[PDB]
file coords25.txt (compact mmCIF, N, CA, C and O atoms)
# COMPACT_ATOMS: atom_id res chain seq x y z
N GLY R 199 0.81 -1.20 0.00
CA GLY R 199 0.00 0.00 0.00
C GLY R 199 0.85 1.25 0.00
O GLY R 199 2.08 1.18 -0.05
N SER R 200 0.20 2.41 0.06
CA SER R 200 0.90 3.69 0.06
C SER R 200 1.86 3.82 1.24
O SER R 200 2.92 4.43 1.13
N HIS R 201 1.49 3.23 2.38
CA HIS R 201 2.31 3.33 3.59
C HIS R 201 3.63 2.58 3.45
O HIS R 201 4.58 2.84 4.20
N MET R 202 3.70 1.67 2.49
CA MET R 202 4.89 0.86 2.28
C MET R 202 5.76 1.44 1.17
O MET R 202 6.82 0.90 0.85
N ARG R 203 5.31 2.54 0.59
CA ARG R 203 5.91 3.07 -0.62
C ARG R 203 6.78 4.30 -0.37
O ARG R 203 6.42 5.18 0.42
N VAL R 204 7.93 4.35 -1.04
CA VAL R 204 8.87 5.45 -0.87
C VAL R 204 9.33 5.98 -2.23
O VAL R 204 9.61 5.19 -3.14
N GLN R 205 9.38 7.30 -2.38
CA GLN R 205 9.90 7.92 -3.59
C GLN R 205 11.39 8.22 -3.43
O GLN R 205 11.81 8.84 -2.46
N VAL R 206 12.18 7.77 -4.40
CA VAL R 206 13.62 7.98 -4.40
C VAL R 206 14.00 8.92 -5.53
O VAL R 206 13.52 8.76 -6.65
N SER R 207 14.85 9.89 -5.25
CA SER R 207 15.40 10.73 -6.31
C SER R 207 16.84 11.12 -5.98
O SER R 207 17.31 10.91 -4.86
N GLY R 208 17.53 11.66 -6.97
CA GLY R 208 18.90 12.12 -6.79
C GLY R 208 19.93 11.09 -7.18
O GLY R 208 21.13 11.34 -7.08
N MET R 209 19.48 9.92 -7.63
CA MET R 209 20.40 8.89 -8.10
C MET R 209 21.20 9.34 -9.31
O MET R 209 20.72 10.14 -10.12
N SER R 210 22.41 8.82 -9.43
CA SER R 210 23.17 8.94 -10.66
C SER R 210 22.34 8.38 -11.81
O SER R 210 21.62 7.40 -11.62
N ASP R 211 22.43 9.01 -12.98
CA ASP R 211 21.72 8.58 -14.18
C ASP R 211 21.92 7.10 -14.49
O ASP R 211 21.03 6.44 -15.02
N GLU R 212 23.11 6.60 -14.17
CA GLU R 212 23.50 5.26 -14.58
C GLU R 212 23.20 4.19 -13.53
O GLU R 212 23.35 2.99 -13.80
N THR R 213 22.78 4.60 -12.34
CA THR R 213 22.43 3.65 -11.29
C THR R 213 21.23 2.81 -11.71
O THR R 213 20.22 3.34 -12.18
N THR R 214 21.34 1.50 -11.54
CA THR R 214 20.32 0.58 -12.02
C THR R 214 19.33 0.13 -10.94
O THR R 214 19.53 0.35 -9.74
N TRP R 215 18.28 -0.51 -11.42
CA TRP R 215 17.27 -1.19 -10.61
C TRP R 215 17.91 -2.18 -9.62
O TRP R 215 17.61 -2.15 -8.43
N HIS R 216 18.81 -3.02 -10.11
CA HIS R 216 19.53 -3.95 -9.25
C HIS R 216 20.29 -3.25 -8.13
O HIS R 216 20.20 -3.65 -6.97
N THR R 217 21.02 -2.20 -8.48
CA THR R 217 21.88 -1.51 -7.53
C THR R 217 21.05 -0.80 -6.46
O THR R 217 21.40 -0.82 -5.28
N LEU R 218 19.96 -0.16 -6.88
CA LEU R 218 19.09 0.52 -5.93
C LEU R 218 18.46 -0.48 -4.96
O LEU R 218 18.43 -0.25 -3.75
N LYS R 219 17.95 -1.58 -5.49
CA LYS R 219 17.33 -2.59 -4.64
C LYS R 219 18.31 -3.11 -3.62
O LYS R 219 17.97 -3.29 -2.45
N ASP R 220 19.55 -3.34 -4.06
CA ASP R 220 20.61 -3.82 -3.18
C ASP R 220 20.85 -2.84 -2.04
O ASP R 220 20.97 -3.24 -0.88
N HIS R 221 20.90 -1.56 -2.38
CA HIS R 221 21.09 -0.49 -1.40
C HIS R 221 19.96 -0.44 -0.37
O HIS R 221 20.20 -0.28 0.83
N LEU R 222 18.73 -0.59 -0.83
CA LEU R 222 17.56 -0.43 0.04
C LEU R 222 17.27 -1.66 0.88
O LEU R 222 16.36 -1.65 1.71
N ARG R 223 18.05 -2.72 0.69
CA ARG R 223 17.94 -3.88 1.57
C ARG R 223 18.31 -3.47 3.00
O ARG R 223 17.95 -4.14 3.97
N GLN R 224 19.03 -2.35 3.13
CA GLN R 224 19.35 -1.78 4.43
C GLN R 224 18.14 -1.12 5.11
O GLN R 224 18.23 -0.69 6.26
N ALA R 225 17.03 -1.03 4.39
CA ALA R 225 15.79 -0.53 4.98
C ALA R 225 14.82 -1.67 5.26
O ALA R 225 14.06 -1.64 6.23
N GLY R 226 14.84 -2.68 4.40
CA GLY R 226 13.96 -3.83 4.56
C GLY R 226 13.76 -4.58 3.26
O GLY R 226 14.47 -4.35 2.28
N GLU R 227 12.79 -5.49 3.25
CA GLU R 227 12.55 -6.30 2.06
C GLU R 227 11.76 -5.53 1.01
O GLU R 227 10.64 -5.08 1.26
N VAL R 228 12.35 -5.39 -0.17
CA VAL R 228 11.72 -4.70 -1.29
C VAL R 228 10.77 -5.63 -2.04
O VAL R 228 11.14 -6.75 -2.39
N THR R 229 9.54 -5.17 -2.28
CA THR R 229 8.57 -5.96 -3.02
C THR R 229 8.31 -5.39 -4.40
O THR R 229 7.71 -6.04 -5.26
N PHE R 230 8.75 -4.16 -4.62
CA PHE R 230 8.51 -3.47 -5.87
C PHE R 230 9.56 -2.39 -6.03
O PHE R 230 9.85 -1.67 -5.08
N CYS R 231 10.12 -2.27 -7.23
CA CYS R 231 11.02 -1.17 -7.52
C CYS R 231 10.91 -0.80 -9.00
O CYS R 231 11.02 -1.65 -9.87
N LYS R 232 10.66 0.48 -9.26
CA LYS R 232 10.53 0.97 -10.62
C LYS R 232 11.44 2.17 -10.79
O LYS R 232 11.34 3.15 -10.06
N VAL R 233 12.35 2.09 -11.76
CA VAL R 233 13.33 3.15 -11.97
C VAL R 233 12.99 3.99 -13.19
O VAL R 233 12.75 3.45 -14.28
N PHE R 234 12.96 5.30 -13.01
CA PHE R 234 12.70 6.24 -14.10
C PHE R 234 13.98 6.96 -14.50
O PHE R 234 14.97 6.92 -13.78
N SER R 235 13.94 7.61 -15.65
CA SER R 235 15.08 8.40 -16.11
C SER R 235 15.41 9.51 -15.12
O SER R 235 14.54 9.95 -14.36
N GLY R 236 16.66 9.94 -15.12
CA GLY R 236 17.07 11.07 -14.29
C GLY R 236 17.22 10.74 -12.82
O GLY R 236 17.13 11.63 -11.98
N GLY R 237 17.44 9.47 -12.51
CA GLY R 237 17.73 9.06 -11.15
C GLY R 237 16.54 9.04 -10.22
O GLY R 237 16.69 9.25 -9.01
N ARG R 238 15.36 8.78 -10.77
CA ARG R 238 14.12 8.68 -9.99
C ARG R 238 13.69 7.24 -9.82
O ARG R 238 13.91 6.42 -10.71
N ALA R 239 13.04 6.93 -8.71
CA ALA R 239 12.47 5.60 -8.53
C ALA R 239 11.31 5.60 -7.55
O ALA R 239 11.16 6.51 -6.73
N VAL R 240 10.49 4.57 -7.66
CA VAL R 240 9.45 4.29 -6.69
C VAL R 240 9.69 2.90 -6.13
O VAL R 240 9.89 1.94 -6.89
N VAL R 241 9.70 2.78 -4.81
CA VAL R 241 9.99 1.51 -4.17
C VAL R 241 8.88 1.16 -3.18
O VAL R 241 8.33 2.04 -2.53
N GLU R 242 8.55 -0.12 -3.11
CA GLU R 242 7.63 -0.61 -2.10
C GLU R 242 8.31 -1.66 -1.24
O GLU R 242 9.05 -2.50 -1.75
N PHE R 243 8.07 -1.59 0.07
CA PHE R 243 8.60 -2.58 1.00
C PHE R 243 7.49 -3.49 1.52
O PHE R 243 6.31 -3.21 1.34
N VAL R 244 7.87 -4.59 2.17
CA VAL R 244 6.88 -5.50 2.76
C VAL R 244 6.04 -4.78 3.82
O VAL R 244 4.82 -4.94 3.86
N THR R 245 6.69 -3.99 4.66
CA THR R 245 6.00 -3.34 5.77
C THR R 245 6.16 -1.82 5.73
O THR R 245 7.11 -1.30 5.15
N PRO R 246 5.21 -1.10 6.36
CA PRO R 246 5.35 0.35 6.55
C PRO R 246 6.58 0.70 7.37
O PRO R 246 7.13 1.78 7.22
N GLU R 247 7.01 -0.21 8.24
CA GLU R 247 8.14 0.05 9.12
C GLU R 247 9.43 0.07 8.30
O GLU R 247 10.35 0.83 8.60
N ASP R 248 9.49 -0.77 7.27
CA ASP R 248 10.61 -0.76 6.34
C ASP R 248 10.68 0.56 5.58
O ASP R 248 11.77 1.12 5.40
N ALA R 249 9.53 1.05 5.13
CA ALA R 249 9.45 2.30 4.39
C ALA R 249 9.87 3.47 5.27
O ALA R 249 10.60 4.36 4.84
N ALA R 250 9.42 3.45 6.52
CA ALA R 250 9.80 4.48 7.47
C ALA R 250 11.30 4.42 7.74
O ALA R 250 11.96 5.45 7.87
N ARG R 251 11.85 3.21 7.81
CA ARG R 251 13.28 3.04 8.04
C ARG R 251 14.08 3.64 6.88
O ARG R 251 15.10 4.30 7.10
N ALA R 252 13.60 3.41 5.66
CA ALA R 252 14.24 3.97 4.47
C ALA R 252 14.30 5.49 4.55
O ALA R 252 15.36 6.09 4.40
N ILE R 253 13.15 6.10 4.81
CA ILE R 253 13.06 7.55 4.85
C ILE R 253 13.86 8.14 6.02
O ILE R 253 14.58 9.13 5.84
N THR R 254 13.78 7.52 7.19
CA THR R 254 14.44 8.09 8.36
C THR R 254 15.93 7.75 8.45
O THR R 254 16.72 8.56 8.92
N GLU R 255 16.33 6.55 8.01
CA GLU R 255 17.74 6.15 8.13
C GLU R 255 18.56 6.35 6.86
O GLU R 255 19.75 6.65 6.93
N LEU R 256 17.95 6.16 5.70
CA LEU R 256 18.70 6.20 4.45
C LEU R 256 18.56 7.54 3.73
O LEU R 256 18.97 7.68 2.58
N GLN R 257 17.98 8.52 4.41
CA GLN R 257 17.89 9.87 3.86
C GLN R 257 19.30 10.40 3.63
O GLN R 257 20.15 10.30 4.51
N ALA R 258 19.53 10.94 2.44
CA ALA R 258 20.82 11.51 2.07
C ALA R 258 21.95 10.48 2.10
O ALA R 258 23.13 10.84 2.21
N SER R 259 21.61 9.20 2.00
CA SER R 259 22.63 8.17 1.87
C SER R 259 23.27 8.27 0.49
O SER R 259 22.66 8.76 -0.46
N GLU R 260 24.51 7.80 0.39
CA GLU R 260 25.25 7.89 -0.86
C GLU R 260 25.15 6.59 -1.65
O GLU R 260 25.37 5.51 -1.10
N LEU R 261 24.82 6.71 -2.93
CA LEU R 261 24.74 5.55 -3.80
C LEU R 261 25.46 5.86 -5.11
O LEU R 261 25.04 6.75 -5.86
N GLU R 262 26.54 5.12 -5.36
CA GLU R 262 27.40 5.34 -6.52
C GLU R 262 27.74 6.81 -6.70
O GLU R 262 27.66 7.35 -7.81
N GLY R 263 28.10 7.46 -5.60
CA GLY R 263 28.56 8.83 -5.63
C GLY R 263 27.46 9.87 -5.50
O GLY R 263 27.75 11.05 -5.31
N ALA R 264 26.20 9.45 -5.59
CA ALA R 264 25.08 10.39 -5.56
C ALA R 264 24.36 10.38 -4.21
O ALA R 264 24.20 9.34 -3.59
N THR R 265 23.91 11.56 -3.78
CA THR R 265 23.16 11.69 -2.54
C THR R 265 21.66 11.53 -2.79
O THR R 265 21.08 12.26 -3.59
N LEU R 266 21.04 10.58 -2.10
CA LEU R 266 19.63 10.27 -2.32
C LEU R 266 18.67 11.16 -1.55
O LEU R 266 18.94 11.57 -0.43
N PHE R 267 17.52 11.45 -2.16
CA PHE R 267 16.43 12.11 -1.46
C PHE R 267 15.23 11.16 -1.42
O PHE R 267 14.75 10.71 -2.46
N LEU R 268 14.76 10.87 -0.21
CA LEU R 268 13.66 9.94 -0.01
C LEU R 268 12.48 10.63 0.65
O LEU R 268 12.66 11.46 1.55
N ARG R 269 11.27 10.30 0.22
CA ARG R 269 10.06 10.78 0.90
C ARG R 269 8.87 9.86 0.67
O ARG R 269 8.92 8.93 -0.14

call {"tool": "encode", "arguments": {"input": "coords25.txt", "output": "structure tokens"}}
result
Amino acid sequence: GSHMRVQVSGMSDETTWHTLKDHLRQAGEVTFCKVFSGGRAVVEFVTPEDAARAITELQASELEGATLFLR
């Protein structure tokens, strides 16, 4: 649901679906990940607690040199 969903932006253009999913395993189990051009993505986790963990802990985390923005 919406509570399990997180918007990711700020990724390097070349960062892939695989790489992002791997990174967000530090928030919890990913059930959905969709990557758009320009370093954007939408991710869903198993639980709302995972999504909250992503936003609160992985905010401004670095991925392949780029600083992420999560909300």

call {"tool": "select_by_dssp", "arguments": {"input": "coords25.txt", "residues": "chain R", "states": "strand (DSSP E)", "output": "list in words"}}
result
residues 203, 204, 205, 206, 207, 228, 229, 230, 231, 232, 233, 234, 238, 239, 240, 241, 242, 243, 260, 261, 264, 265, 267 and 268 of chain R

call {"tool": "residues_around", "arguments": {"input": "coords25.txt", "residues": "residue R:247", "least_positions_apart": "2", "cutoff": "7 Å", "atoms": "all atoms listed in the file", "output": "VMD selection string"}}
result
chain R and resid 201 to 202 225 244 to 245 249 to 252

call {"tool": "residues_around", "arguments": {"input": "coords25.txt", "residues": "residue R:234", "least_positions_apart": "2", "cutoff": "8 Å", "atoms": "only N, CA, C and O atoms", "output": "ChimeraX atom specification"}}
result
/R:206,209-211,213,231-232,236-240

call {"tool": "write_last_selection", "arguments": {"input": "coords25.txt", "atoms": "N, CA, C and O atoms", "output": "PDB file, in the frame of the given file"}}
result
ATOM      1  N   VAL R 206      12.180   7.770  -4.400  1.00  0.00           N
ATOM      2  CA  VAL R 206      13.620   7.980  -4.400  1.00  0.00           C
ATOM      3  C   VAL R 206      14.000   8.920  -5.530  1.00  0.00           C
ATOM      4  O   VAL R 206      13.520   8.760  -6.650  1.00  0.00           O
ATOM      5  N   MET R 209      19.480   9.920  -7.630  1.00  0.00           N
ATOM      6  CA  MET R 209      20.400   8.890  -8.100  1.00  0.00           C
ATOM      7  C   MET R 209      21.200   9.340  -9.310  1.00  0.00           C
ATOM      8  O   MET R 209      20.720  10.140 -10.120  1.00  0.00           O
ATOM      9  N   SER R 210      22.410   8.820  -9.430  1.00  0.00           N
ATOM     10  CA  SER R 210      23.170   8.940 -10.660  1.00  0.00           C
ATOM     11  C   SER R 210      22.340   8.380 -11.810  1.00  0.00           C
ATOM     12  O   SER R 210      21.620   7.400 -11.620  1.00  0.00           O
ATOM     13  N   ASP R 211      22.430   9.010 -12.980  1.00  0.00           N
ATOM     14  CA  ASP R 211      21.720   8.580 -14.180  1.00  0.00           C
ATOM     15  C   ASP R 211      21.920   7.100 -14.490  1.00  0.00           C
ATOM     16  O   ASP R 211      21.030   6.440 -15.020  1.00  0.00           O
ATOM     17  N   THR R 213      22.780   4.600 -12.340  1.00  0.00           N
ATOM     18  CA  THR R 213      22.430   3.650 -11.290  1.00  0.00           C
ATOM     19  C   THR R 213      21.230   2.810 -11.710  1.00  0.00           C
ATOM     20  O   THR R 213      20.220   3.340 -12.180  1.00  0.00           O
ATOM     21  N   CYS R 231      10.120  -2.270  -7.230  1.00  0.00           N
ATOM     22  CA  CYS R 231      11.020  -1.170  -7.520  1.00  0.00           C
ATOM     23  C   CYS R 231      10.910  -0.800  -9.000  1.00  0.00           C
ATOM     24  O   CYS R 231      11.020  -1.650  -9.870  1.00  0.00           O
ATOM     25  N   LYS R 232      10.660   0.480  -9.260  1.00  0.00           N
ATOM     26  CA  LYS R 232      10.530   0.970 -10.620  1.00  0.00           C
ATOM     27  C   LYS R 232      11.440   2.170 -10.790  1.00  0.00           C
ATOM     28  O   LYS R 232      11.340   3.150 -10.060  1.00  0.00           O
ATOM     29  N   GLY R 236      16.660   9.940 -15.120  1.00  0.00           N
ATOM     30  CA  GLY R 236      17.070  11.070 -14.290  1.00  0.00           C
ATOM     31  C   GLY R 236      17.220  10.740 -12.820  1.00  0.00           C
ATOM     32  O   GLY R 236      17.130  11.630 -11.980  1.00  0.00           O
ATOM     33  N   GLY R 237      17.440   9.470 -12.510  1.00  0.00           N
ATOM     34  CA  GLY R 237      17.730   9.060 -11.150  1.00  0.00           C
ATOM     35  C   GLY R 237      16.540   9.040 -10.220  1.00  0.00           C
ATOM     36  O   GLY R 237      16.690   9.250  -9.010  1.00  0.00           O
ATOM     37  N   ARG R 238      15.360   8.780 -10.770  1.00  0.00           N
ATOM     38  CA  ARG R 238      14.120   8.680  -9.990  1.00  0.00           C
ATOM     39  C   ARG R 238      13.690   7.240  -9.820  1.00  0.00           C
ATOM     40  O   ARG R 238      13.910   6.420 -10.710  1.00  0.00           O
ATOM     41  N   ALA R 239      13.040   6.930  -8.710  1.00  0.00           N
ATOM     42  CA  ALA R 239      12.470   5.600  -8.530  1.00  0.00           C
ATOM     43  C   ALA R 239      11.310   5.600  -7.550  1.00  0.00           C
ATOM     44  O   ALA R 239      11.160   6.510  -6.730  1.00  0.00           O
ATOM     45  N   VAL R 240      10.490   4.570  -7.660  1.00  0.00           N
ATOM     46  CA  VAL R 240       9.450   4.290  -6.690  1.00  0.00           C
ATOM     47  C   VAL R 240       9.690   2.900  -6.130  1.00  0.00           C
ATOM     48  O   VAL R 240       9.890   1.940  -6.890  1.00  0.00           O
TER      49      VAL R 240
END

call {"tool": "atom_distance", "arguments": {"input": "coords25.txt", "atom1": "atom CA of residue R:246", "atom2": "atom CA of residue R:218"}}
result
18.6 Å

call {"tool": "select_by_dssp", "arguments": {"input": "coords25.txt", "residues": "chain R", "states": "helix (DSSP H, G or I)", "output": "list in words"}}
result
residues 200, 201, 202, 215, 216, 217, 218, 219, 220, 221, 222, 246, 247, 248, 249, 250, 251, 252, 253, 254 and 255 of chain R

call {"tool": "atom_distance", "arguments": {"input": "coords25.txt", "atom1": "atom N of residue R:233", "atom2": "atom C of residue R:214"}}
result
7.3 Å

call {"tool": "atom_distance", "arguments": {"input": "coords25.txt", "atom1": "atom O of residue R:205", "atom2": "atom N of residue R:217"}}
result
15.6 Å

call {"tool": "axis_aligned_box", "arguments": {"input": "coords25.txt", "around": "stretch 228-239 of chain R", "padding_each_side": "8 Å", "output": "AutoDock Vina command-line options"}}
result
--center_x 12.7 --center_y 2.4 --center_z -8.1 --size_x 26.0 --size_y 34.4 --size_z 31.9

call {"tool": "residues_around", "arguments": {"input": "coords25.txt", "residues": "residue R:229", "least_positions_apart": "5", "cutoff": "7 Å", "atoms": "only N, CA, C and O atoms", "output": "VMD selection string"}}
result
chain R and resid 241 to 244

call {"tool": "residues_around", "arguments": {"input": "coords25.txt", "residues": "stretch 254-259 of chain R", "least_positions_apart": "4", "cutoff": "9 Å", "atoms": "only C-alpha atoms", "output": "ChimeraX atom specification"}}
result
/R:222,224-225,249-250,264-269

call {"tool": "write_last_selection", "arguments": {"input": "coords25.txt", "atoms": "N, CA, C and O atoms", "output": "short mmCIF file (atom, residue, chain, number, x, y, z; two decimals), keeping the file's coordinate frame"}}
result
data_model
loop_
_atom_site.label_atom_id
_atom_site.label_comp_id
_atom_site.auth_asym_id
_atom_site.auth_seq_id
_atom_site.Cartn_x
_atom_site.Cartn_y
_atom_site.Cartn_z
N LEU R 222 18.73 -0.59 -0.83
CA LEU R 222 17.56 -0.43 0.04
C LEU R 222 17.27 -1.66 0.88
O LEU R 222 16.36 -1.65 1.71
N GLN R 224 19.03 -2.35 3.13
CA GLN R 224 19.35 -1.78 4.43
C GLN R 224 18.14 -1.12 5.11
O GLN R 224 18.23 -0.69 6.26
N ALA R 225 17.03 -1.03 4.39
CA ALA R 225 15.79 -0.53 4.98
C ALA R 225 14.82 -1.67 5.26
O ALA R 225 14.06 -1.64 6.23
N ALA R 249 9.53 1.05 5.13
CA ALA R 249 9.45 2.30 4.39
C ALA R 249 9.87 3.47 5.27
O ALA R 249 10.60 4.36 4.84
N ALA R 250 9.42 3.45 6.52
CA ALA R 250 9.80 4.48 7.47
C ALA R 250 11.30 4.42 7.74
O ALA R 250 11.96 5.45 7.87
N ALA R 264 26.20 9.45 -5.59
CA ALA R 264 25.08 10.39 -5.56
C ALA R 264 24.36 10.38 -4.21
O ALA R 264 24.20 9.34 -3.59
N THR R 265 23.91 11.56 -3.78
CA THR R 265 23.16 11.69 -2.54
C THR R 265 21.66 11.53 -2.79
O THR R 265 21.08 12.26 -3.59
N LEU R 266 21.04 10.58 -2.10
CA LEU R 266 19.63 10.27 -2.32
C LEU R 266 18.67 11.16 -1.55
O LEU R 266 18.94 11.57 -0.43
N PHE R 267 17.52 11.45 -2.16
CA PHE R 267 16.43 12.11 -1.46
C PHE R 267 15.23 11.16 -1.42
O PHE R 267 14.75 10.71 -2.46
N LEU R 268 14.76 10.87 -0.21
CA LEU R 268 13.66 9.94 -0.01
C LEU R 268 12.48 10.63 0.65
O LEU R 268 12.66 11.46 1.55
N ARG R 269 11.27 10.30 0.22
CA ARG R 269 10.06 10.78 0.90
C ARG R 269 8.87 9.86 0.67
O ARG R 269 8.92 8.93 -0.14
#
